[PDB]
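Have a look at the structure below, then the notes.
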Amino acid sequence: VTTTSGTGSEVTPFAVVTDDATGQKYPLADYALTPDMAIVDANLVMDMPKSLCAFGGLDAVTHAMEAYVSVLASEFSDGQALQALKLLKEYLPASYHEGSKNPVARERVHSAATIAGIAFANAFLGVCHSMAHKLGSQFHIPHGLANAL
Amino acid sequence: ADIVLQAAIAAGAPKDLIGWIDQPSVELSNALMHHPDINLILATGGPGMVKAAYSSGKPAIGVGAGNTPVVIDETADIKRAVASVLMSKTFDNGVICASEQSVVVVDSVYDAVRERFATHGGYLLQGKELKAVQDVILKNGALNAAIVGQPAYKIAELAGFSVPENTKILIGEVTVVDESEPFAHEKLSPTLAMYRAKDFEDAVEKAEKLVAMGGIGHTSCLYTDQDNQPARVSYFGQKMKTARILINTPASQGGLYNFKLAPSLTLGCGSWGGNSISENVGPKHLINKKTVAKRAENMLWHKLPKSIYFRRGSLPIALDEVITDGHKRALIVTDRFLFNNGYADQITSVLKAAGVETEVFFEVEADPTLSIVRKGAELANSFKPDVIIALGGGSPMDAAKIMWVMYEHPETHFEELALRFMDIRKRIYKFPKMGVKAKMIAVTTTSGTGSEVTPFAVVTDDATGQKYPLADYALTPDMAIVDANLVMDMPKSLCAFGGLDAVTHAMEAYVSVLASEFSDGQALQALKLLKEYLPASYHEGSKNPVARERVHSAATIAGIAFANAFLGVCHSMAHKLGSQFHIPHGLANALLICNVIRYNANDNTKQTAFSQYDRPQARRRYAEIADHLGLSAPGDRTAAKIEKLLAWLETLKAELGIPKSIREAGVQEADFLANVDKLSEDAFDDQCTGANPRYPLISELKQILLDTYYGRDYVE
Amino acid sequence: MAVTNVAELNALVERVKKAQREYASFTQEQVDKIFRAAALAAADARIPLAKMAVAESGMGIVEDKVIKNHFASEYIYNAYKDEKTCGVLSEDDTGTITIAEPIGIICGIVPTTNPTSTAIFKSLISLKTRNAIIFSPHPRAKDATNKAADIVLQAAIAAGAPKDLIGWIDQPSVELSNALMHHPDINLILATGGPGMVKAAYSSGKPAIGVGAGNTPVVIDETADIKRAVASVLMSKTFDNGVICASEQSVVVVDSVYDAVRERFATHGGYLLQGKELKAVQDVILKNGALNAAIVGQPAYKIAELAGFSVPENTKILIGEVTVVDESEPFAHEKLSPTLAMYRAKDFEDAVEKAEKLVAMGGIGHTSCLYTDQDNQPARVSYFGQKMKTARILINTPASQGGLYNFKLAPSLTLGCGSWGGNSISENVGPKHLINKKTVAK
């Protein structure tokens, strides 16, 4: 069950853990870790501030902008990556200035975060999401900023 | 009543909550029943006022009492049953309702109970005094009130014959049972009626008339040995029509009797007519329950097979995974044409090398007829497979899903699934769980049908010729192989046959009312590449391998979308045409797609509350295709924007090699006008019309079929 | 063989008696098998029967009767599929057995409104509870009901059922149907239709239940959606020309949004009228003392020609503007035609009061709908349900059904009561009113 709009971690088989004594990452990836049922609800994202809708949404934009250009892109995922970018270019601005006062835009943005999740579950992320994965861990900046600048 | 009132008054109740009448009269009580402020009557007593209670124009229930018969046979305990009835009739002078009123005994033991009764508490009478008591109970054609509840001895003084003080009850010996005999009616006095039975069988018959004479069946009790004669008690219950069937048990109660029995009263009925069984009145007959319903928003879904594999030569590698996993037994479902070719060794040989038991199923033809699927299930449960691998596109892959259900649930009849699961829009009934002892692998052989990814199955019955569609998200295969090396030599006359089927498969799911943001991108990606090298896959076939591979993966992409959003009406007359003209599917929806689009963009009788305000429109959704596919001027109008889309659809047929109208597609005028009416109002009911936002009418589903016959273009 | 008068009815009923006597011994095993085959033939024979259900009736349209026949034929084999109605029902050790027994021959009146939708519903619950029915349809729609009953019969015949288990009368008459109700061999009556014969069914000295229809009011206040409630009611009243029982019969709107609806209705599908033709419309539905049979199920435009004034073809329904609510004005009674009544409310509070009188006028409370915002005004919906007396409370929901609406709702019919009026609430008739359970005690 997803309570954030912008990270597609409910449909993808990716998980990262850190060591206790030391600090190097322990990434894991096996199609078998995908949940056998994912619930995408929008009423769980209604009052989160205009400082998490702006970083999750950009995280979703980054999640799909390079899955279309990744070397692992097939004719099965460019149909979904090209849709999230189309969907977020007309609802993310409307879900930031107006916030919950426009509930249709929030639902569209939340639903299109999982679509990018489908896109990057099969194709894999580029260098933009790897350097951003470390630069957001040493300087303790949230995930969503690092791939935005 | 006042005691209960005052108890309730000092507990929080209003002051005049219970009322009663003083010095009542028949005229005063009548005004109470006809009062328009009273909406229930609880009537108790004999058929003196309960009969009038029913004929009052108001809902009423009556706690009546019918003469309960007692049956004692030769196998019963005589010494014990004589006294259980004896004490139950002397309880409150036998006034408690639904008490004993008659005893029926066989001739084998009749003499035994006669002197026993006179010995313990009875006093029999047979002379002139016998026809004295009967005249006492009935005086004016109705029961008198001068002997109700009185002890037995005093009522004998009324008739003039002395009876000793110690005597408990008085009993007559009467054979004729009717109205003129007054000893069968309810008496509410310590008296009993004794009846002559020649055997057990007539005893029950002689008890049927007694219950029927009381009008309402309340209780029945017979005394018998319940341990060595268990059939007699079972026979006794299916013949008497009463709410209670007691054995070796007093009717009302004792003075260690059974404690969890409802009282004789609190058992009412709602009719004075015959064959009426009483029921226990409780705080449900005096209560009315209302139900509210809230308009709950509907949620969509996106359900797909767990794994989909696709590339040039992806069958052996995907098949290998199955070998590595534990899978010993597997069967392959196939058609006829491909087996005589080298299209079956490329899957069996790779299986035999690893070593697994595979069998041949080569009898499925173009349309499954419920006869070969049954024999397939018969072969399935005679082999106990662990993996079901489908082969072929369309017919042999749809039938494999039904074989899977019938193999995993042999007890469930097919005709039970014909009314529960026929449309994927309801979610209140669940399929029995599947995949317990098998799993489905789906492989395609033709480019342009995504049936390996959808939860759809259509079964024809060869007896009459009726289709039984099945649809639920449990028949979806657990794996789909999309390989292209097996399509390098398909005839150019058929590569595009299914190719245009996918065009209508994707174009129709985009404008469906169930279309969501999840299935819109895939429905659009399929159309985008089909104008790029699908015609190349037609003219080249083998001169351009890559185009055929690219088109083949698009059929699943078209199918991956409509498996979540049902097709519209175009895929309905397509079903109907392809099953009576024997034309193949793919052609049927090809030459009327250029005529059903215009019947979806106009003013138009439309279904309301959906596809009118919830969804934007259908005319502008087709407008997105013309600009998504890039065939629109920078500045143009929507009305003219669809025109160029239809123009592209027409001029692609100039090299697609498809007929211009249905008549030129190999059908005759003679066998159309006499069959169009029969053909029209069945496409209206093939689980379509969920999509195609416009609500169709039979009057407007024929002009389409008549307009396409002569090649004429529809216009109003 | 055909039956002409009482002389052959008094022999037809004996055959059904003899078949019922033998059929009562069947067990649960082959009773469900007969249930399966009967439900299939009802669903598989929906279109043909609906085409010939309007050829002689002359009212309604074929399109909407297909769904009505299909929904009613599959809903019965959807919740009563597997429940113990034969043999032993339960067992209490305490030895307490609770076997159940059927009732017997059942009478049934099929109205001209739904000659086949309710004919197959009644026929499909009796053979589930091991009893038999005799049908007495209207002379206008006799041939449609008889065919529907015969289809289920022949389906059950080739499943293990006795020969003469379901009967019907040809060329029926009022005097012939009276002899069927007073027959001492029938112990249940299922009466349906308007208050024309159900009143006589109650006054018959026999147990009887009636699937009636009260004029259901719809309440729309100022806070409700105005562009959505106009259409949900509009499509639910044009369903089969508004003959579906317990459909909309009157709308009550507050003064705030009255004119906001008046132009909308004329814009979309309505045609308002206020002149002398309003009197004509009132008189065109009363031939004498009650509702006439010449405008039942007819489209809106033709009845206007009979009423005198011309109305365009495209128009869907016609609606009057009447303030008085009594008997003299006939616009409050059930009409079974694509017509609606529009009422004046000064506020929401009087709207519910103006709806109490409408429900009480129908005699039996069946359904009542309110259109309001259910998310920021939750007190109003709670208040609305404790004031009316109806079996169903619907908010933001069409009365009968749609053409992705709610699926787990019982049909408008299969909801009967046991009294005419006096604040009576209907209930869903099912395979428990036709069964009697006996208890044995050891």
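Quick notes
- The set of residues in segment C:81-103 being surrounded by 14 or more Cβ atoms within 10 Å (Cβ to Cβ) and more than 37 Å from the chain's Cα centre (by Cα) consists of C:96 alone.
Condition check ((1) surrounded by fewer than 22 Cβ atoms within 10 Å (Cβ to Cβ); (2) among the hydrophobic types (A, V, I, L, M, F, W, C); (3) touching a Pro at 6+ places or on another chain (Cβ under 6 Å)) across all residues:
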position	(1), (2), (3)
B:394	no, no, no
B:399	no, yes, yes
B:402	no, yes, no
B:414	yes, yes, no
B:426	yes, no, no
B:431	yes, yes, no
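- Condition met for residue B:70 (surrounded by 13 or more Cβ atoms within 10 Å (Cβ to Cβ), outside any loop (DSSP other than H, G, I, E, B) and in contact with an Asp or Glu (Cβ under 6 Å, 6 or more places away or on another chain)): yes
- Given (1) more than 14 Å from chain B (Cβ to nearest Cβ); (2) closer than 24 Å to residue C:415 by Cβ; (3) assigned to a strand (DSSP E or B); (4) not small (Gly, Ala, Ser), number of the condition residue C:209 does not satisfy: (1)
- Matching residues, segment B:675-688, being assigned to a helix (DSSP H, G or I) and away from chain C (no Cβ under 13 Å): B:676
- Within segment C:90-124, being closer than 30 Å to residue C:65 by Cα and small (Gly, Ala, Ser) holds for C:108, C:117, C:119, C:123.
- The criterion of being crowded, with 22+ Cβ neighbours inside 10 Å and of a type in the set (D, E, K, R) does not hold for residue C:147.
- Against the conditions (1) assigned to a loop (DSSP other than H, G, I, E, B); (2) facing another protein chain (nearest Cβ under 9 Å); (3) surrounded by 21 or more Cβ atoms within 10 Å (Cβ to Cβ), residue C:404 satisfies every one except (3).
- Within segment B:489-547, being assigned to a loop (DSSP other than H, G, I, E, B) and under 30 Å from residue B:616 (Cα atoms) holds for B:511, B:512, B:513, B:514, B:515, B:516, B:517, B:518, B:519, B:531, B:532.
- Pair list, Cβ < 9 Å and 6+ apart or interchain, from segment C:219-233 residues that are more than 9 Å from chain B (Cβ to nearest Cβ) and over 21 Å from residue C:388 (Cα atoms) to residues that are in a loop (DSSP other than H, G, I, E, B) and of a type in the set (D, E, K, R): C:225/C:373
- Strands (runs of 3 or more DSSP E) within segment B:235-322 that include 3 or more residues surrounded by fewer than 19 Cβ atoms within 10 Å (Cβ to Cβ): B:291-294, B:307-311
- Qualifying residue in segment C:187-197 (condition: among the β-branched types (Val, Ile, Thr), closer than 28 Å to residue C:325 by Cβ, in a helix (DSSP H, G or I) and more than 10 Å from chain B (Cβ to nearest Cβ)): no
- Any hit, segment C:349-361, residues being outside any loop (DSSP other than H, G, I, E, B), away from chain B (no Cβ under 12 Å), basic (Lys, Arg) and farther than 28 Å from residue C:417 by Cβ: no
- Taken over segment B:27-50, the criterion of being assigned to a loop (DSSP other than H, G, I, E, B), away from chain C (no Cβ under 14 Å) and of a type in the set (A, V, I, L, M) is satisfied by B:49 alone.
- Of all residues making up segment C:420-441, the number that are in a loop (DSSP other than H, G, I, E, B), of a type in the set (D, E, K, R) and either closer than 14 Å to residue B:40 by Cβ or more than 7 Å from chain B (Cβ to nearest Cβ) (or both): 1
- Some residue of segment B:664-674 being away from chain C (no Cβ under 12 Å), part of a helix (DSSP H, G or I) and β-branched (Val, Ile, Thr): no
- Applying the set (1) surrounded by fewer than 22 Cβ atoms within 10 Å (Cβ to Cβ); (2) part of a helix (DSSP H, G or I) to residue A:142 leaves exactly one unmet item: (2).
Residues are listed down the side, and each one gets a yes or a no for (1) surrounded by fewer than 16 Cβ atoms within 10 Å (Cβ to Cβ); (2) not in a loop (DSSP other than H, G, I, E, B):
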residue: C:337; (1), (2): no, no
residue: C:340; (1), (2): no, yes
residue: C:368; (1), (2): no, yes
residue: C:383; (1), (2): yes, yes
residue: C:397; (1), (2): no, no
residue: C:400; (1), (2): no, no
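- Segment B:83-124, residues that are crowded, with 16+ Cβ neighbours inside 10 Å, within 10 Å of residue B:171 (Cβ to Cβ) and either touching an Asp or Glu at 6+ places or on another chain (Cβ under 8 Å) or aromatic (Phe, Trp, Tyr) (or both): B:89, B:117, B:123
- The requirement of being surrounded by 19 or more Cβ atoms within 10 Å (Cβ to Cβ), of a type in the set (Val, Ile, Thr) and within 7 Å of chain B (Cβ to nearest Cβ) is satisfied by residue C:390.
Counting neighbours? That spans all protein chains shown, and the Cβs are built from the backbone with ideal geometry, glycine included. Every number here is computed from the coordinates shown, using simple stated rules; none is lab data.
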